[PDB]
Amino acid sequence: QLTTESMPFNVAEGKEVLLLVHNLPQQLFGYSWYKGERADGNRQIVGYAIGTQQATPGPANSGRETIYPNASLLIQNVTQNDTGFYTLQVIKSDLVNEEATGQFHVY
């Protein structure tokens, strides 16, 4: 069952958090992470295509995010404006896609 987890859940301003991804299904084109609680293009952070290991930023990219081959997202030098929810969308090769929403709190 596709989920995320925030490491740590409570993040000091300036510090870092890892959004870790469990249970990626088989046969993927790629990954798409978003800010907020849904897949929304205006709030896309990064697109990652797995056969080419190419990452492409979206409208919400700050420059402080790093996406990994297993879908995990590290954000560095966390700001109060990074607080709350994020969404991962996993794109399957039949286009029947899966989403996972997680969150952390900046203090």
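One-based numbering along the sequence shown.
Q: Give the stretch, out of 43 to 51 and 25 to 33, with the larger mean C-alpha temperature factor in the deposited entry.
A: Mean C-alpha B-factor is greater for 25 to 33.
Q: Averaging only over Cα atoms, indicate whether 93 to 101 or 14 to 22 has the higher B-factor in the PDB entry.
A: Mean CA B-factor is higher for 93 to 101.
Q: Using the B-factor values recorded in the entry, state whether the Cα atom of residue 4 falls in the lowest, middle or highest third among the modelled residues of its chain.
A: Middle third, going by the recorded CA B-factors of the chain.
Q: Looking at the entry's B-factor column for C-alpha atoms only, identify whether residue 62 ranks in the lowest, middle or highest third of its chain.
A: Within its chain, residue 62 is a highest-third residue by C-alpha B-factor, going by the deposited values.
Q: Give the position of residue 56 by CA B-factor within its chain, expressed as the lowest, middle or highest third.
A: Ranked within chain, residue 56 CA B lands in the highest tercile.
Q: What third of the chain, by the recorded C-alpha B-factor, contains residue 72?
A: Ranked within chain, residue 72 CA B lands in the lowest tercile.
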